Every structure is written in structure tokens, then in C-alpha cells.
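Starting off, we have a lone chain in the form deposited in one PDB entry, written out as C-alpha cells.
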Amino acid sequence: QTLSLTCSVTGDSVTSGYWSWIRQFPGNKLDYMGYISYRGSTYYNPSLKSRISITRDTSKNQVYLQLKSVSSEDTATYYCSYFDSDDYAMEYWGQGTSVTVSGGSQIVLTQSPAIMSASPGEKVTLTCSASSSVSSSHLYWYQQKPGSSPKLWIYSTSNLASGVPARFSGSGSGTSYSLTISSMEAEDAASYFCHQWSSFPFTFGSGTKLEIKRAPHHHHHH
């Protein structure tokens, strides 16, 4: 029983780049499966390799993911991301197709805490601990709102994607990195995953779910 999914984020055009498949398990732990480059070369995450096969068909203009010998373990939502660059670097993510099946070492990134509780205007600080050293220009932060696919929020440790509101910043180097918000705003109620792609295989943090309380209220009418 094989899993076969299609991807088609990019159009015609396109002269290079890297299509990568990524799955998110329930629990939200993100997993980097592998990629296929324009000139045909692929990379599969060792955790599989024997099972996974990424391919493409410029004839149909579709990129495929074949995950042989599936089992309830592969139940997750699958994303297909496209990545290109010179100095300018483009990154777009597909929608996530949710898959459910029935039959019942690297740089590990440690997100903490698993769920930060914040009221509005409050200063917020999230930490990501890398099980080893990671190039500071290959450390990324993604924001994900329930139902949406990951949005590149901060790239190269401290650089804010265009449009990220000023209240955000990104600190770090070597094994300890962090993201902070000068002061909540409820539009920041999401999940933040740190990402590292300097060491193969590429990894993601477990997640911090960020959500704000309501703020105080009183009843001295009174």
C-alpha cells in the first residue's frame, strides 16, 4: 500500500529551485521528508529513503510524493514547499493535504515552552534549543495559525519577512536562539516553529502554541 500525492505550486516558468515535501503529524511535530531539485537531483531524509520516492513530470507540471509501505504512523498532513534563491530568495508553501492511514541523529530543535500564555501588550519571549551548533543564517521561524500552512515569519535568525509587524525580533547564535514580541496583539495567537537547514537532514522544532488571555476586567460598578 503506497501513498501517492501530487504538488503543483510553481507554474510553467521556473529555472531551478527545490521542491520539498514536509509532513506534520497530529501533535504538530513537523518532519522534513526530502526534496527534488530542478536539475533532477533528490535528497531523502534517512528516516526513510528505503520507502520514499520524490519525482516530477514537466509534462503534467506536477511534482509527486510516493511513500511506499505506509502504516498508521504516516498519518499526517503533507506539504509541498518550493524554495529558490540567488540573493533574492523565494519560498512558497502548498496547501496541506491531510492523510490518514489505518493499521492500528540530527540537530534536534527544542521549542520551549510548549504553550505560552500571554495577555495583550505583554512582552513575550520564546526559546529554541539546538542539540548542536547551527549556522545563524540557516535558522528560520515559521508561524502557523490553525488550518493554515506554515508562513515564513523570520529568516536568518533575526530578519523579519516583509510585513511582519515591528513588535517582533529574533535573537541567537550557536545553540540557543529565540523569538520575541514587544507586546502581544492576539493576532499573534499562533504556533511558532523554529527551523534549521544548515545541517542535513533539516529539522523543525516541536512547536510553541502562543495564545493570549483576555486581559483583566473588573466589576466595580459599583
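What we label the rigid core is the largest C-alpha set whose atoms superpose within 1.5 Å from one form to the other. Residues that one form lacks are left out of the comparison. One-based numbering along the sequence shown.
The same protein has a further form, the form deposited in another entry, not shown here; the description that follows concerns it.
If you fit the two forms on their rigid core, which residue out of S72, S148, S85, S135 shows a CA shift of at least 2 Å between the shown form and the other one? Comparing the C-alpha positions, the one residue that moves 2 Å or more is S85.
Superposing on the rigid core, is the Cα displacement of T10 between the shown form and the other one 2 Å or more? The answer is yes, as the C-alpha of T10 shifts between the shown form and the other one by 2 Å or more after core alignment.
Note whether the distance between the C-alpha atoms of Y88 and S136 decreases (closer) or increases (farther) in the other entry, against the displayed form; the change is 3 Å or more. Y88 and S136 sit closer together in the other entry.
With a shift of at least 3 angstroms, figure out whether the C-alpha spacing between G11 and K49 grows or shrinks in the other entry: closer or farther? It is farther: the C-alpha separation of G11 and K49 rises by at least 3 Å in the other entry.
Name, in sequence order, the runs of three or more consecutive residues whose C-alphas all shift 2 Å or more between the shown form and the other one, counting only residues present in both forms and superposing on the rigid core. Moving regions between the shown form and the other one: 9-13, 85-90.
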